Structures are given as C-alpha cells and as structure tokens.
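For reference, the structure is listed below as structure tokens.
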Amino acid sequence: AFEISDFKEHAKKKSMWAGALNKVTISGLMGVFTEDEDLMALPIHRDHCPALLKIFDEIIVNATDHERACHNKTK
Amino acid sequence: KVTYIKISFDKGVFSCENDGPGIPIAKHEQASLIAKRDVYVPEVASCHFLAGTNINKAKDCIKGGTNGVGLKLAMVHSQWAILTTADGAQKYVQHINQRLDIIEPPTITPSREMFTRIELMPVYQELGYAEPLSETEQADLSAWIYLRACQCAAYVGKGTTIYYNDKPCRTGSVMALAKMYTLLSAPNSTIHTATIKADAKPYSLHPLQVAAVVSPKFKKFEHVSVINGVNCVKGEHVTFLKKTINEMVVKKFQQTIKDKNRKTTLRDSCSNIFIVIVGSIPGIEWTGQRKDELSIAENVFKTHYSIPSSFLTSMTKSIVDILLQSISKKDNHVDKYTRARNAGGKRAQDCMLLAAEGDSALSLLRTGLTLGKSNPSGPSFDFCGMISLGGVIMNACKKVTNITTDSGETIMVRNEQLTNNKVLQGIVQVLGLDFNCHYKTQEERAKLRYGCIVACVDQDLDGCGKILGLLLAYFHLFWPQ
Amino acid sequence: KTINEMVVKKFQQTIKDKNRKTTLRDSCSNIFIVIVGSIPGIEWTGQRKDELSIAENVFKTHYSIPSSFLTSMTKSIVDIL
DNA sequence: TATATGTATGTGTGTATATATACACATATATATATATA
DNA sequence: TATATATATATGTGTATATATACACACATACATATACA
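As they're listed, the protein sequences go chains A, B and C. Residue numbers for the first sequence follow the authors' numbering, so the first one is 3 and each next one is one higher. Take the second sequence: its letters are residues 78 to 410, 415 to 562, numbered as in the authors' numbering. Residue numbers for the third sequence follow the authors' numbering, so the first one is 320 and each next one is one higher.
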C-alpha cells in the first residue's frame, strides 16, 4: 500500500530527522560530571536515544545562532 | 520474483530496471484529492515527498527504504526522467522533467510485460561537473556505479542477476568482493570466511556473510559493508567483529609471547584487517537519509549472534603472526655485496655475479677487477658484481618436504630454518629469483637481475668439492631449468 | 595530515635507523584535540549535522597552522615514538 | 576421552669452511648544536 | 652574524671477547592424527 505522510507523522516515525527514535549505542557518548569542584568529561556506556539528545541540541544551537547573529549589533 | 536488476550509465544517462511485479498502475485516491486531478501511484512514488510503502515499516523489515524520499531526490536532481512500469496488463509511462517542476500526464497502454525502469539525466553542471562529463569524471562515475553493482550482486538473492551496462556483475559472494578490494595490496591471499548466525527470530532469518583478508601491508583497519542493500560506512556490526577478534587476539598474544607483559589494543589487533560484511539486519535505524551510519544497540549482537570459532581462530593466528613479525622485523629490514653498475637495467643479462667464499677472496677479486690499463681486455665493475657465500652453504635436500595435496600434485614446502638463512636470502634478493616460477621460457629467464652466477671458490678439495656441490644441489633442487 | 607530515620528517631525522616508515595512525593515536570556531560556507550530510562537508583545499589554500604549535606537537609525538 | 602413530624439531661429537666485537691512549679536525643580540 | 656548548672521527700499540656453515646418528622433546569410542 502506498501512503502519503505529513511532516508531523513522518518525524514521529522516521529516524532521518534527528536519528534513532529509541535507545541505541551511541559511540563516543560523553557527559560532564562534577567531582569536588572539578568538571570531568566521562563516557556514558549506556544506550540513549539520539533523537532525544537532538531536541536539546536543536534549541541550544538556535540560541548560539542568535548569539552570533547579534554579536556585532546594538542589542 | 525479481530475476534481474539491469543498471546502465552511458553518455551521462543513468538507467535502472527490475522485473518483479511493477508499481501498481492505479489511481491514488488521497493523492488525487490533494492534487484536485487524476494522480496514479507511480506519480506518488516518484513525485510526492514522504510517500511510499515503508512509511509504516515493520520491526522485522530488512528493506533499506524507509522514508518515502529517495526516488523524489533522484527526480529533483534530474534535468529529465522517465518512469516506465508495467504490471502484466498495462504499461505506464510518465515523464518528470526540470527538477520535478514539469510532471507530464502519464500514458497508459495495454502490455503483458512486468517491470520497473527509471531513466534519467542528472543536472551535472548544477552539481559541479562539466557538461557533458569530462573523460575523468565519466570514468570515475562509471567505476563507482560499477562498484555499487558488484556490491548488489553480493547482497542480492541467488535467482537475481545484476547487470551493469549489459554485462553481468561477477561478484556473487563476499569472497569475490574481498578479492576485488585486495587484488593490489595483497594478491593471492588467504580469505577467512564466516557465516554469522543468530538463534532467535527475526535475526536467525538473516545470516551475515563475512570475508576477511589479513596482511602486514595493510596500514589501517578497513571494512566494506552492504547492510540491507546499503553501502554504509559506520555501524556496531563492525565493532562487534572488531571487539570479538581483539579479545581472542589479546588472549593468544599473551599466550604465545613469553614476554608476558606487553599490552596491545584494538588498533594493534585490527590494523592489518580488511573485512567485507554483507547481509540483512532487522530493526536497524539510520542517522539520516543518506544512511551512512546504522544505529543499533551493541547488545543485539552480544545476545543473538555468534561468530564461528574457526574463523576467529584463523584470524587470530594470522594477526598474532604479524604482531611477532613486526616486533622482530627491525632485525630483518648486513651482507657483503658490491653492486655492478648495470645490475637490473637494460643490459642486465650482460652481467656476471662473482660469488666468492669469504672476505679475503673479495679482496683478491676487487684487486683483480680494477686493473684499469694493465688489463684492457679484462672485466670490470661495469658488468660484474661480488657477494660472499659465507663459508659453507646449507643444503636444502635434507631440509625440505614434498607434501601431497588433493588435486594430485606434490608441492615442495621448505623449512623455517632454511627460510631464514642469511646467505641464501642474500643471493635470492640479489639475483631476483622466484620460488614458484620455473624459468622454462626465455620470457621468464630475462626477468632476473644478472645473467649468470659464477662461483669463485677455492681450488682445494673442500672448497672445490663440498660447497660447489651444495650450490649445485640447491639450484638443482629448486630450479633445474 | 599537517601534524603527520612534520612528525614523519622529524622522526626520520631523529632516528638513526633511517628506514622505518610510520603513517597517520602512528603519528596521531596519542593525540586529543579540541577545535572550536566558525567556518563559512560549510554543508552537512543530514539534519543531525554529524558531519560537515567541504573541499579539503579550503584549508590548504587559506588556513595556516602556526609553526610553534606544530613543532611542540611533533616533539611530544616523536618522544613517544 | 583416552590412545597410539606418524609426523616434525633439536642439541651433540671431531675436523673442516668463512667471519664478528668491546676497551686504553693524544691531538687535530669536524659537523652540526646552541645563546642572546635583536 | 655572532660566542658558546656538547658529542664525534682517526692513528699505533695494547687489553678483553663474539659467531655462521658441513658431516652421522642415537636420543630427547612436541604434537597430532586418527580410532575405537565416549
């Protein structure tokens, strides 16, 4: 059967947008952990959802985009 | 079934045709409601983004397709394209031009054929190429497509022929693929093979075929993967094989080494490996439309798959051989050899090699070959070399074995002591001899570096009899011609 | 590649063996690098932006790595080599 | 799962064949290494 | 361009040592390749 999808349902079903929509092994996955006033970058040896990290990432890069866009400006 | 996939690439035009059931020649209701005109299924399949039969993929589905996007990506990068598809009662021809801007109405006739063909001209100029393609661009693109077809031919089932520009594609096995990729770095090499099976459905329905070559002249680890038909370049299946091989390699390295302290990692384990992995994996996901990288939990393989131990053992053996060899290759890389001026060139067969017995003999011969005008009719270093026989030659007649193989031929395999003799290694490297040659024809007898070996030995009974007879016995036992 | 070319040069210099041939894996397997900044005109391989796409010559034509950094790096790496 | 059973290495003796290496000592020369100048 | 290192070579008469190959055969150590099975 040939189906036509909209953006919404597509993005919920398809991994092409943000990565896998379930937990997979992400090679090089790191996080920052505090050990007595010291930041350490440590590996996270546990599967996680790439799309879940992407929704954080998309907003964060929108913010840093705005920062560059405004850095030579008045406001 | 699909019995063939014909791919062609000629004068810029690219074409692909398969012969299973065609795409349904039928009106698409919802697509027509959207378009407010009559739209058939092939037009949705080729012109409607996010549309296809894989929008709702099953967890067990091993098709590469998932997004309903790829075909329209082809159309959008086509100056012109032709979709032709027949279902056994009708044929359907639709032309899709100007990067999906002009979608001509289709033409539907009766036909009893059954097939699907996409034919198109890319926008080479818009994409950075010459118009028409240059000699180099054309040859590069043809080679790349030819490669992709070979990969299909290894992934596709056994009732399906893959054609490229009408010739069938040879490489129906991962061994064929391995040989193709290593024909230059490592011709005539050993191909480790494995069929990696799983015990639980759906994984047990899809064995992974694997072929690997292991060579000291491989500089880094390297894999070729066709997974679900996709030539992807990153995925935890590779890491599964890498880690398994490494664990075994570390175990046997610490076993075989009596140093017992050195610690090697995955780069040491795997940098001499080239692997081809071909097959289907259900339930995988990708990191984008390109499908460069598959996404999966590593434990899928730890739980379900097992690499056959014979393959692991073979691989570990080859790799640990290389490891110890690399540790002691610095002591292999000092013989006494005076090269003639014309050794190995255009007049190489005009040259002699005066193999003397020690170093005082070389003092005599170098005194003799330098009488420049006291001997105007004599020889000199323009066509004469020198080398030392190192005392007494080893014999090979007591240090070799004729072993009988299955085809009915006894091959003559040497000893590890005879192989590592520094004197005979010197004359083989100097003369350029080859052990598996026979030198029956003159076309083979002109591939050497000198024209004759000349034994300048002593005339006392020891040097005239013993080491000259052992030199004759060596040359008789390996090259009587 | 830049660090490797310098590392190979100084390795053959410092070594009096003068025959051994090392590649990029030998050169670089003891390196951890952080690179931060902006590059105009790049493209990606998908929405995720895991991989940027660019002609290598952009850097060969336009950018230069300061030699003091290259020298320091090559020194540390050849010490390990 | 123990058993043989035919494979392959491996020092060892006398009389031969052909080589290799560390150190001391005095003084003139050398080729690249180094400051600090800047 | 300069003043300054620290290592580096060669000569005669001395002080010390190392190592490859042939040749025969009784003997020692290492599998490994089957063959009943189990």
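The beta carbon of each residue, even a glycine, is placed where N, CA and C say it ideally should be.
query                                                                                                                                                                            : result
Could you please give the first and the last residue of the uninterrupted beta strand (DSSP E) stretch that includes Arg70/A?                                                    : Counting along the chain, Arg70/A falls outside any beta strand (DSSP E), though it belongs to the alpha helix (DSSP H) covering 52-72.
Are the beta-carbon atoms belonging to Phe388/B and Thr270/B less than 9 Å from one another?                                                                                     : yes
Under 9 Å, Cβ to Cβ, is there at least one residue of chain B near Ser348/C?                                                                                                     : yes
Tell me which residue opens and which closes the alpha helix (DSSP H) that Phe388/B is part of.                                                                                  : 386-404
Does the beta-carbon distance from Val494/B to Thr482/B come in below 9 Å?                                                                                                       : yes
Against chain A, which members of the region 360-372 of chain C pass a CB distance test of less than 9 Å?                                                                        : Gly365, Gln366, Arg367, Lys368, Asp369
Could you confirm whether any beta carbon from chain A is found closer than 9 Å to the beta carbon of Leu127/B?                                                                  : yes
Measuring CB to CB, does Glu313/B end up less than 9 Å from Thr27/A?                                                                                                             : yes
Taking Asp440/B as the reference, which of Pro209/B, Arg114/B, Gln215/B, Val538/B has the closest Cα?                                                                            : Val538/B
Compare the C-alpha of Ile492/B against each of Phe516/B, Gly97/B, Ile304/B and name the closest.                                                                                : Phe516/B
Contact defined as beta carbons within less than 8 Å: I believe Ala527/B pairs with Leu552/B. What is the distance between those atoms, to the nearest angstrom?                 : Wrong, their Cβ atoms sit about 23 Å apart, outside the cutoff.
Let's test the definition: count the other Cβ atoms within 10 Å of the Cβ of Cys478/B and tell me whether it reaches 16, buried, or not, exposed.                                : exposed
Leaving aside the five residues before and after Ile474/B along the sequence, list all residues of the same chain whose C-beta is less than 8 Å from its C-beta, in chain order. : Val504, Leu505, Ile548, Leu551, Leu552, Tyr555
Can you pull the chain B residues whose beta carbon is under 9 Å from the beta carbon of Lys56/A, in chain order?                                                                : Those do not exist, as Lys56/A stays about 10 Å from chain B at its closest Cβ, beyond 9 Å.
Among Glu438/B, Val509/B, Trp560/B, whose alpha-carbon lies nearest the alpha-carbon of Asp541/B?                                                                                : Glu438/B
For the pair the region 226-245 of chain B and the region 362-379 of chain B, tell me if three or more CB-CB distances fall below 8 Å.                                           : no
Tell me, which residues are paired with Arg194/B by DSSP?                                                                                                                        : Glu94/B, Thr161/B
Given that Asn338/C touches chain B, what residues does it touch there, using C-beta distances under 8 Å?                                                                        : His410
Would you call the CB atoms of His125/B and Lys140/B closer than 9 Å?                                                                                                            : no
Can you list, in chain order, the residues of the region 29-44 of chain A whose Cβ is nearer than 8 Å to any Cβ on chain B?                                                      : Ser29
Check the DSSP bridge columns for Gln286/B and list the partner residues they point to.                                                                                          : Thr272/B, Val355/B
Under the assumption that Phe351/B contacts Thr341/B (Cβ atoms under 8 Å), give the Cβ distance between them as a whole number of angstroms.                                     : No, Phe351/B and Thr341/B are not in contact; Cβ-Cβ is about 19 Å, not under 8 Å.
At what residues does the alpha helix (DSSP H) containing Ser444/B begin and finish?                                                                                             : 441-449
Express the C-alpha separation of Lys521/B and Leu261/B in angstroms, rounding to a whole number.                                                                                : 27 Å
Whole angstroms are fine: how far does the CA of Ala22/A sit from the CA of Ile373/B?                                                                                            : 8 Å
Over the uninterrupted alpha helix (DSSP H) stretch that includes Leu435/B, give me the two end residues.                                                                        : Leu435/B -> not in any alpha helix (DSSP H); beta strand (DSSP E) instead, spanning 433-437.
For the region 331-340 of chain B against the region 248-262 of chain B, are there 3 or more C-beta pairs whose distance is under 8 Å?                                           : no
What residues in the region 14-29 of chain A bring their beta carbon closer than 9 Å to a beta carbon of chain C?                                                                : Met18, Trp19, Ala20, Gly21
Let me make sure I understand the geometry here. Which of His47/A, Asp38/A, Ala20/A, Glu5/A has the alpha-carbon closest to that of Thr364/C?                                    : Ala20/A
Using a C-beta cutoff of 9 Å, does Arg189/B count as contacting chain C?                                                                                                         : no
Between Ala288/B and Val326/B, is the Cβ-Cβ spacing less than 9 Å?                                                                                                               : no
Determine whether the Cβ of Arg344/B lies closer than 9 Å to any Cβ atom of chain C.                                                                                             : yes
For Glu60/A and chain B, any beta-carbon pair shorter than 9 Å?                                                                                                                  : no
Have a look at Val170/B, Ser391/B, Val315/B and flag the residue whose alpha-carbon is nearest the alpha-carbon of residue 412/B.                                                : The model of chain B omits the segment between 410 and 415, and residue 412/B is among the residues lacking coordinates.
Quick one: give me the first and last residue of the alpha helix (DSSP H) that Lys256/B is part of.                                                                              : 251-259
To the nearest whole angstrom, what separates the beta carbons of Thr193/B and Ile100/B, a pair I think is in contact under 8 Å?                                                 : 6 Å
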